[PDB]
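Printed here is entry-v7.cif (mmCIF, C-alpha atoms and all ligand atoms; chains and numbers go by the auth columns):
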data_data
#
loop_
_atom_site.group_PDB
_atom_site.id
_atom_site.type_symbol
_atom_site.label_atom_id
_atom_site.label_comp_id
_atom_site.label_asym_id
_atom_site.label_seq_id
_atom_site.Cartn_x
_atom_site.Cartn_y
_atom_site.Cartn_z
_atom_site.B_iso_or_equiv
_atom_site.auth_seq_id
_atom_site.auth_asym_id
ATOM 1 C CA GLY A 1 -67.965 1.083 74.713 0.00 1 A
ATOM 2 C CA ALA A 2 -67.152 -2.514 73.828 0.00 2 A
ATOM 3 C CA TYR A 3 -70.607 -2.956 72.190 0.00 3 A
ATOM 4 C CA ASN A 4 -69.852 -0.257 69.588 0.00 4 A
ATOM 5 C CA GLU A 5 -66.172 -1.175 69.205 0.00 5 A
ATOM 6 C CA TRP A 6 -66.701 -4.915 68.767 0.00 6 A
ATOM 7 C CA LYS A 7 -70.121 -5.519 67.162 0.00 7 A
ATOM 8 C CA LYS A 8 -68.834 -5.349 63.529 0.00 8 A
ATOM 9 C CA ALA A 9 -65.761 -7.476 64.349 0.00 9 A
ATOM 10 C CA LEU A 10 -68.052 -10.325 65.409 0.00 10 A
ATOM 11 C CA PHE A 11 -71.265 -9.889 63.353 0.00 11 A
ATOM 12 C CA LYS A 12 -71.772 -8.637 59.812 0.00 12 A
ATOM 13 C CA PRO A 13 -73.892 -5.445 59.789 0.00 13 A
ATOM 14 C CA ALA A 14 -77.039 -6.252 57.824 0.00 14 A
ATOM 15 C CA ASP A 15 -78.609 -3.555 55.732 0.00 15 A
ATOM 16 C CA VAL A 16 -82.237 -4.283 56.567 0.00 16 A
ATOM 17 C CA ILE A 17 -84.969 -2.764 54.479 0.00 17 A
ATOM 18 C CA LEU A 18 -88.611 -3.498 55.051 0.00 18 A
ATOM 19 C CA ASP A 19 -90.472 -5.417 52.350 0.00 19 A
ATOM 20 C CA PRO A 20 -93.833 -3.747 51.626 0.00 20 A
ATOM 21 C CA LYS A 21 -95.189 -6.929 49.949 0.00 21 A
ATOM 22 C CA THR A 22 -95.068 -8.684 53.359 0.00 22 A
ATOM 23 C CA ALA A 23 -96.631 -5.943 55.471 0.00 23 A
ATOM 24 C CA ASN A 24 -100.088 -6.396 56.920 0.00 24 A
ATOM 25 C CA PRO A 25 -102.434 -3.877 55.187 0.00 25 A
ATOM 26 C CA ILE A 26 -102.787 -1.857 58.393 0.00 26 A
ATOM 27 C CA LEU A 27 -99.030 -1.085 58.270 0.00 27 A
ATOM 28 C CA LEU A 28 -97.336 1.671 56.339 0.00 28 A
ATOM 29 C CA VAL A 29 -93.720 1.348 55.200 0.00 29 A
ATOM 30 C CA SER A 30 -91.786 4.602 54.739 0.00 30 A
ATOM 31 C CA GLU A 31 -90.379 5.662 51.381 0.00 31 A
ATOM 32 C CA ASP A 32 -86.798 4.894 52.537 0.00 32 A
ATOM 33 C CA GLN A 33 -88.113 1.424 53.681 0.00 33 A
ATOM 34 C CA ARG A 34 -86.521 1.793 57.099 0.00 34 A
ATOM 35 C CA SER A 35 -89.614 2.734 59.164 0.00 35 A
ATOM 36 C CA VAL A 36 -93.062 1.324 59.833 0.00 36 A
ATOM 37 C CA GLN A 37 -96.200 2.959 61.165 0.00 37 A
ATOM 38 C CA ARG A 38 -99.796 1.871 61.667 0.00 38 A
ATOM 39 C CA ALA A 39 -102.852 3.296 59.973 0.00 39 A
ATOM 40 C CA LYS A 40 -106.287 3.687 61.577 0.00 40 A
ATOM 41 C CA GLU A 41 -107.820 1.353 58.997 0.00 41 A
ATOM 42 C CA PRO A 42 -106.396 -1.325 56.665 0.00 42 A
ATOM 43 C CA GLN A 43 -105.365 -0.064 53.274 0.00 43 A
ATOM 44 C CA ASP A 44 -106.586 -1.614 50.026 0.00 44 A
ATOM 45 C CA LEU A 45 -103.769 -4.009 49.002 0.00 45 A
ATOM 46 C CA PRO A 46 -103.702 -7.491 47.404 0.00 46 A
ATOM 47 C CA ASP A 47 -103.758 -10.572 49.653 0.00 47 A
ATOM 48 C CA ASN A 48 -100.611 -11.878 47.899 0.00 48 A
ATOM 49 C CA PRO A 49 -98.992 -14.985 49.462 0.00 49 A
ATOM 50 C CA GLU A 50 -96.081 -13.128 51.063 0.00 50 A
ATOM 51 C CA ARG A 51 -98.366 -10.770 53.025 0.00 51 A
ATOM 52 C CA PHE A 52 -99.204 -11.244 56.693 0.00 52 A
ATOM 53 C CA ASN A 53 -102.993 -10.927 56.700 0.00 53 A
ATOM 54 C CA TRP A 54 -103.767 -11.238 60.447 0.00 54 A
ATOM 55 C CA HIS A 55 -100.607 -10.446 62.429 0.00 55 A
ATOM 56 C CA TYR A 56 -99.514 -6.789 62.218 0.00 56 A
ATOM 57 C CA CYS A 57 -96.090 -7.836 60.951 0.00 57 A
ATOM 58 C CA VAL A 58 -93.606 -6.914 58.218 0.00 58 A
ATOM 59 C CA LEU A 59 -90.353 -8.631 57.227 0.00 59 A
ATOM 60 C CA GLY A 60 -86.984 -7.507 55.909 0.00 60 A
ATOM 61 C CA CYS A 61 -86.375 -8.084 52.202 0.00 61 A
ATOM 62 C CA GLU A 62 -83.483 -10.471 52.755 0.00 62 A
ATOM 63 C CA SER A 63 -83.127 -13.656 54.770 0.00 63 A
ATOM 64 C CA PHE A 64 -80.191 -15.536 56.253 0.00 64 A
ATOM 65 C CA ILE A 65 -79.204 -19.229 55.982 0.00 65 A
ATOM 66 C CA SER A 66 -75.729 -18.986 57.589 0.00 66 A
ATOM 67 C CA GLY A 67 -73.324 -16.668 59.380 0.00 67 A
ATOM 68 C CA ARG A 68 -73.422 -13.973 62.025 0.00 68 A
ATOM 69 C CA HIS A 69 -75.492 -10.841 61.370 0.00 69 A
ATOM 70 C CA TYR A 70 -76.870 -7.859 63.307 0.00 70 A
ATOM 71 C CA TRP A 71 -79.122 -4.851 62.910 0.00 71 A
ATOM 72 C CA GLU A 72 -80.369 -2.107 65.238 0.00 72 A
ATOM 73 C CA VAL A 73 -83.852 -0.759 65.756 0.00 73 A
ATOM 74 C CA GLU A 74 -84.860 2.587 67.242 0.00 74 A
ATOM 75 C CA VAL A 75 -87.883 1.847 69.413 0.00 75 A
ATOM 76 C CA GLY A 76 -87.728 5.306 71.022 0.00 76 A
ATOM 77 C CA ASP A 77 -90.612 6.154 73.336 0.00 77 A
ATOM 78 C CA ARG A 78 -93.060 3.731 71.686 0.00 78 A
ATOM 79 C CA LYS A 79 -95.346 1.965 74.149 0.00 79 A
ATOM 80 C CA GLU A 80 -95.663 -1.250 72.101 0.00 80 A
ATOM 81 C CA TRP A 81 -93.425 -3.128 69.653 0.00 81 A
ATOM 82 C CA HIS A 82 -91.949 -6.596 69.079 0.00 82 A
ATOM 83 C CA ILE A 83 -88.916 -7.500 66.972 0.00 83 A
ATOM 84 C CA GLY A 84 -86.646 -10.423 66.189 0.00 84 A
ATOM 85 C CA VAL A 85 -86.443 -13.069 63.498 0.00 85 A
ATOM 86 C CA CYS A 86 -88.770 -15.604 61.981 0.00 86 A
ATOM 87 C CA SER A 87 -88.571 -18.576 59.644 0.00 87 A
ATOM 88 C CA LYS A 88 -89.358 -18.090 55.967 0.00 88 A
ATOM 89 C CA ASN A 89 -92.142 -20.707 56.239 0.00 89 A
ATOM 90 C CA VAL A 90 -94.119 -19.204 59.145 0.00 90 A
ATOM 91 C CA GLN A 91 -97.897 -19.106 58.805 0.00 91 A
ATOM 92 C CA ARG A 92 -98.707 -15.732 57.221 0.00 92 A
ATOM 93 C CA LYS A 93 -102.449 -16.250 56.735 0.00 93 A
ATOM 94 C CA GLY A 94 -104.706 -16.428 59.779 0.00 94 A
ATOM 95 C CA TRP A 95 -103.494 -16.540 63.388 0.00 95 A
ATOM 96 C CA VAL A 96 -100.683 -18.528 64.845 0.00 96 A
ATOM 97 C CA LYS A 97 -99.193 -17.757 68.256 0.00 97 A
ATOM 98 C CA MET A 98 -95.815 -16.100 67.734 0.00 98 A
ATOM 99 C CA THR A 99 -93.562 -18.604 69.536 0.00 99 A
ATOM 100 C CA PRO A 100 -90.298 -20.429 68.752 0.00 100 A
ATOM 101 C CA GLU A 101 -92.209 -23.647 68.032 0.00 101 A
ATOM 102 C CA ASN A 102 -94.129 -21.715 65.318 0.00 102 A
ATOM 103 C CA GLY A 103 -90.947 -20.186 63.857 0.00 103 A
ATOM 104 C CA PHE A 104 -90.770 -16.796 65.660 0.00 104 A
ATOM 105 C CA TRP A 105 -87.922 -15.654 67.946 0.00 105 A
ATOM 106 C CA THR A 106 -89.039 -12.267 69.189 0.00 106 A
ATOM 107 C CA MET A 107 -89.215 -10.008 72.217 0.00 107 A
ATOM 108 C CA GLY A 108 -90.652 -6.608 72.907 0.00 108 A
ATOM 109 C CA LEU A 109 -92.793 -4.198 74.878 0.00 109 A
ATOM 110 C CA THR A 110 -96.503 -3.969 75.600 0.00 110 A
ATOM 111 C CA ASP A 111 -98.518 -1.492 77.650 0.00 111 A
ATOM 112 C CA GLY A 112 -95.619 0.979 77.917 0.00 112 A
ATOM 113 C CA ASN A 113 -93.601 -0.914 80.518 0.00 113 A
ATOM 114 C CA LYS A 114 -94.183 -4.686 80.209 0.00 114 A
ATOM 115 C CA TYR A 115 -91.145 -6.232 78.459 0.00 115 A
ATOM 116 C CA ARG A 116 -91.561 -9.888 77.432 0.00 116 A
ATOM 117 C CA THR A 117 -90.058 -12.726 75.488 0.00 117 A
ATOM 118 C CA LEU A 118 -92.567 -14.196 73.068 0.00 118 A
ATOM 119 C CA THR A 119 -92.027 -17.733 74.350 0.00 119 A
ATOM 120 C CA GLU A 120 -94.653 -20.382 75.180 0.00 120 A
ATOM 121 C CA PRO A 121 -95.682 -19.332 77.756 0.00 121 A
ATOM 122 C CA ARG A 122 -94.570 -15.706 77.536 0.00 122 A
ATOM 123 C CA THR A 123 -91.907 -14.660 80.044 0.00 123 A
ATOM 124 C CA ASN A 124 -91.549 -11.215 81.616 0.00 124 A
ATOM 125 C CA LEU A 125 -88.169 -9.487 81.341 0.00 125 A
ATOM 126 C CA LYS A 126 -86.882 -7.157 84.022 0.00 126 A
ATOM 127 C CA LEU A 127 -84.972 -4.303 82.379 0.00 127 A
ATOM 128 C CA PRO A 128 -83.335 -1.743 84.731 0.00 128 A
ATOM 129 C CA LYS A 129 -83.633 1.002 82.137 0.00 129 A
ATOM 130 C CA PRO A 130 -86.036 1.173 79.173 0.00 130 A
ATOM 131 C CA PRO A 131 -84.111 0.796 75.883 0.00 131 A
ATOM 132 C CA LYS A 132 -84.424 3.409 73.127 0.00 132 A
ATOM 133 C CA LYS A 133 -82.340 1.422 70.572 0.00 133 A
ATOM 134 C CA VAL A 134 -82.171 -2.386 70.426 0.00 134 A
ATOM 135 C CA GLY A 135 -79.525 -4.447 68.668 0.00 135 A
ATOM 136 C CA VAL A 136 -80.673 -7.774 67.238 0.00 136 A
ATOM 137 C CA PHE A 137 -77.900 -10.349 66.749 0.00 137 A
ATOM 138 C CA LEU A 138 -78.093 -13.656 64.913 0.00 138 A
ATOM 139 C CA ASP A 139 -75.486 -16.452 64.949 0.00 139 A
ATOM 140 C CA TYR A 140 -77.074 -19.083 62.656 0.00 140 A
ATOM 141 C CA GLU A 141 -74.633 -21.939 63.324 0.00 141 A
ATOM 142 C CA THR A 142 -74.599 -21.647 67.163 0.00 142 A
ATOM 143 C CA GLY A 143 -78.367 -21.048 67.120 0.00 143 A
ATOM 144 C CA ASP A 144 -78.252 -17.885 69.194 0.00 144 A
ATOM 145 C CA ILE A 145 -80.515 -14.846 68.771 0.00 145 A
ATOM 146 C CA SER A 146 -79.517 -12.060 71.158 0.00 146 A
ATOM 147 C CA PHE A 147 -80.922 -8.640 72.005 0.00 147 A
ATOM 148 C CA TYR A 148 -78.909 -5.771 73.490 0.00 148 A
ATOM 149 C CA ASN A 149 -79.545 -2.180 74.496 0.00 149 A
ATOM 150 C CA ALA A 150 -77.583 -0.571 71.641 0.00 150 A
ATOM 151 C CA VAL A 151 -76.723 2.544 73.648 0.00 151 A
ATOM 152 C CA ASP A 152 -75.236 1.095 76.842 0.00 152 A
ATOM 153 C CA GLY A 153 -74.439 -2.457 75.579 0.00 153 A
ATOM 154 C CA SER A 154 -76.553 -4.130 78.312 0.00 154 A
ATOM 155 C CA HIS A 155 -78.018 -7.590 77.649 0.00 155 A
ATOM 156 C CA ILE A 156 -81.787 -7.864 77.153 0.00 156 A
ATOM 157 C CA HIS A 157 -82.385 -11.526 76.198 0.00 157 A
ATOM 158 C CA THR A 158 -80.829 -14.463 74.342 0.00 158 A
ATOM 159 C CA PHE A 159 -82.589 -17.426 72.700 0.00 159 A
ATOM 160 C CA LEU A 160 -79.900 -20.091 73.066 0.00 160 A
ATOM 161 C CA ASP A 161 -78.934 -23.062 70.900 0.00 161 A
ATOM 162 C CA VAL A 162 -81.871 -23.133 68.502 0.00 162 A
ATOM 163 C CA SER A 163 -81.511 -25.726 65.723 0.00 163 A
ATOM 164 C CA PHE A 164 -82.494 -23.542 62.763 0.00 164 A
ATOM 165 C CA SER A 165 -83.443 -25.288 59.551 0.00 165 A
ATOM 166 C CA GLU A 166 -85.171 -22.540 57.540 0.00 166 A
ATOM 167 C CA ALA A 167 -83.997 -19.170 56.234 0.00 167 A
ATOM 168 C CA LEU A 168 -84.533 -16.432 58.821 0.00 168 A
ATOM 169 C CA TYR A 169 -85.962 -12.961 58.177 0.00 169 A
ATOM 170 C CA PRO A 170 -85.903 -9.922 60.405 0.00 170 A
ATOM 171 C CA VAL A 171 -89.492 -9.397 61.626 0.00 171 A
ATOM 172 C CA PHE A 172 -91.210 -6.390 63.178 0.00 172 A
ATOM 173 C CA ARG A 173 -94.689 -6.113 64.733 0.00 173 A
ATOM 174 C CA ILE A 174 -96.617 -3.035 65.935 0.00 174 A
ATOM 175 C CA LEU A 175 -100.198 -3.187 67.249 0.00 175 A
ATOM 176 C CA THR A 176 -100.771 0.385 68.433 0.00 176 A
ATOM 177 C CA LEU A 177 -101.454 3.752 66.807 0.00 177 A
ATOM 178 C CA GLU A 178 -98.891 6.129 68.341 0.00 178 A
ATOM 179 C CA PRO A 179 -96.924 9.175 67.109 0.00 179 A
ATOM 180 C CA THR A 180 -93.505 7.474 67.070 0.00 180 A
ATOM 181 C CA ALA A 181 -92.639 4.928 64.345 0.00 181 A
ATOM 182 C CA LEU A 182 -90.528 1.795 64.608 0.00 182 A
ATOM 183 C CA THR A 183 -87.334 2.475 62.671 0.00 183 A
ATOM 184 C CA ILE A 184 -84.272 0.540 61.482 0.00 184 A
ATOM 185 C CA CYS A 185 -80.948 2.295 62.115 0.00 185 A
ATOM 186 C CA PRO A 186 -79.050 2.316 58.764 0.00 186 A
ATOM 187 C CA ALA A 187 -75.804 0.331 58.437 0.00 187 A
HETATM 188 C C1 LIG B . -104.231 -9.982 67.070 0.00 201 B
HETATM 189 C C2 LIG B . -103.367 -8.877 67.647 0.00 201 B
HETATM 190 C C3 LIG B . -101.975 -9.238 67.116 0.00 201 B
HETATM 191 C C4 LIG B . -100.911 -9.748 68.009 0.00 201 B
HETATM 192 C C5 LIG B . -101.286 -10.180 69.377 0.00 201 B
HETATM 193 O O1 LIG B . -101.107 -11.663 69.381 0.00 201 B
HETATM 194 P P1 LIG B . -101.430 -12.466 70.716 0.00 201 B
HETATM 195 O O2 LIG B . -101.120 -13.940 70.431 0.00 201 B
HETATM 196 O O3 LIG B . -102.826 -12.179 71.194 0.00 201 B
HETATM 197 O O4 LIG B . -100.486 -11.825 71.853 0.00 201 B
HETATM 198 P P2 LIG B . -98.881 -11.709 72.036 0.00 201 B
HETATM 199 O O5 LIG B . -98.180 -12.292 70.840 0.00 201 B
HETATM 200 O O6 LIG B . -98.608 -12.425 73.329 0.00 201 B
HETATM 201 O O7 LIG B . -98.618 -10.191 72.195 0.00 201 B
HETATM 202 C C6 LIG B . -101.643 -8.771 65.681 0.00 201 B
HETATM 203 O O8 LIG B . -100.271 -9.008 65.405 0.00 201 B
#
What do you get writing this file as structure tokens?
Ligand SMILES: CC/C(=C\COP(=O)(O)OP(=O)(O)O)CO
Amino acid sequence: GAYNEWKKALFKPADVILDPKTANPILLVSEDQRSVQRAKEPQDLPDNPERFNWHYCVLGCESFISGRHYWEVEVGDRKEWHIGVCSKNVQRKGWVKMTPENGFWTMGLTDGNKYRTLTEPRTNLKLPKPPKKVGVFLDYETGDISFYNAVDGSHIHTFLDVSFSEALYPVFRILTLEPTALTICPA
């Protein structure tokens, strides 16, 4: 459909690989650096400055300061996940609420069937069909971060007209231990 035919004409396909130095110690990044899973217990890793030490998050290796970019994530039948972008200077040590005011523009799924925007306060989304693949779209200059169902092209949510000042990284968060990973679709 138009989603597949047009996405690369309008947004540059990012090749997103997960950065293991950023991943909370309870997360596992695959060898190909496209998938993340959770362990039962935190692994023994350094508490280096880049690492999220409280939130179960991991970033992409590359950030954006301009332009239009997109990537796609296979959420599959996971019951819990949140994805989007965050500022380079978010608080990585200790808790902060993941909200736009704190430098996070994310949405996702909790409890199998509760889709939300991670706004302050959180807002519930009503999705007619559960997505299996989500496209994440950034237009830095217009300030828009949009999410689409990458199979049928349907709109999930847009953060509109944000005045970004920092570099933005792709961010991914998983809280649950489940058989299916969260995986980036390769460009
Ligand atoms: C502490 C458990 C955690 C995320 C949950 O953060 P919290 O602010 O409680 O909830 P949401 O962001 O609304 O899901 C680890 O990333």
Can you check which parts of chain A lie within 6 Å of ligand LIG 201 (chain B)? Per residue, the shortest pair of atoms and distance in Å to one decimal, counting all atoms listed in the file, sorted by chain and number, as a tab-separated table.
residue	atom	partner	partner_atom	distance
A:55	CA	B:LIG201	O8	3.3
A:56	CA	B:LIG201	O8	4.0
A:97	CA	B:LIG201	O2	4.8
A:98	CA	B:LIG201	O5	5.5
A:175	CA	B:LIG201	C6	6.0
query = Hey, what comes out of the PyMOL selection byres (((chain A and resi 143) around 10) and not hetatm) on this file? Could you write it as JSON, numbers by chain?
reply = {"A": [138, 139, 140, 141, 142, 144, 145, 146, 159, 160, 161, 162, 163, 164]}
request  = Specify as a list in words each residue included when the PyMOL selection byres (((chain A and resi 14) around 10) and not hetatm) is applied to this file.
outcome  =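 Applying the PyMOL selection byres (((chain A and resi 14) around 10) and not hetatm) to the structure shown produces residues 11, 12, 13, 15, 16, 17, 62, 64, 68, 69, 70, 71, 72, 137, 170, 186 and 187 of chain A.
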key: Nearest to residue 84 of chain A, chosen from A:46, A:67, A:130, A:135, with all atoms listed in the file counted in the distances   =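 Comparing A:46, A:67, A:130, A:135 against residue 84 of chain A, the winner is A:135.
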key: Picked residues, the PyMOL selection byres (((chain A and resi 58) around 7) and not hetatm), as a count of residues only   = 10
key: Straight-line distance linking atom CA of residue 179 of chain A with atom CA of residue 124 of chain A, stated in Å to one decimal   =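 Between these atoms lies a distance of 25.6 Å.
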key: Selection: 8 Å around residue 169 of chain A, all atoms listed in the file, excl. self and same-chain fewer than 5 positions, as a VMD selection string   = chain A and resid 59 to 64 85 to 88
Best match for closeness to residue 34 of chain A among A:136, A:107, A:168, A:73, counting all atoms listed in the file =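 Looking at the shortest contact to residue 34 of chain A, the residue is A:73.
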message = Just checking: using only C-alpha atoms, which residue out of A:177, A:45, A:65, A:83 ends up closest to residue 165 of chain A?
response = A:65
request  = Name all residues at most 12 Å from residue 77 of chain A (count only C-alpha atoms; drop same-chain ones fewer than 6 positions away) and give them as number ranges by chain.
outcome  = A: 109-113, 130-133, 178-183
May I have the selected residues written with C-alpha atoms, as a PDB file, in the coordinates of the input?
ATOM      1  CA  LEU A 109     -92.793  -4.198  74.878  1.00  0.00           C
ATOM      2  CA  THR A 110     -96.503  -3.969  75.600  1.00  0.00           C
ATOM      3  CA  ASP A 111     -98.518  -1.492  77.650  1.00  0.00           C
ATOM      4  CA  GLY A 112     -95.619   0.979  77.917  1.00  0.00           C
ATOM      5  CA  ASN A 113     -93.601  -0.914  80.518  1.00  0.00           C
ATOM      6  CA  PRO A 130     -86.036   1.173  79.173  1.00  0.00           C
ATOM      7  CA  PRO A 131     -84.111   0.796  75.883  1.00  0.00           C
ATOM      8  CA  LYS A 132     -84.424   3.409  73.127  1.00  0.00           C
ATOM      9  CA  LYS A 133     -82.340   1.422  70.572  1.00  0.00           C
ATOM     10  CA  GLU A 178     -98.891   6.129  68.341  1.00  0.00           C
ATOM     11  CA  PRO A 179     -96.924   9.175  67.109  1.00  0.00           C
ATOM     12  CA  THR A 180     -93.505   7.474  67.070  1.00  0.00           C
ATOM     13  CA  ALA A 181     -92.639   4.928  64.345  1.00  0.00           C
ATOM     14  CA  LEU A 182     -90.528   1.795  64.608  1.00  0.00           C
ATOM     15  CA  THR A 183     -87.334   2.475  62.671  1.00  0.00           C
TER      16      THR A 183
END
Axis-aligned box for all listed atoms of segment 50-64 of chain A, 6 Å per side, centre and edges in Å to one decimal, as lines of an AutoDock Vina configuration file:
center_x = -92.0
center_y = -11.2
center_z = 56.7
size_x = 35.6
size_y = 20.7
size_z = 23.4
message = Between A:78, A:157, A:93, A:40, which residue has the minimum interatomic distance to residue 53 of chain A, considering all atoms listed in the file?
response = A:93
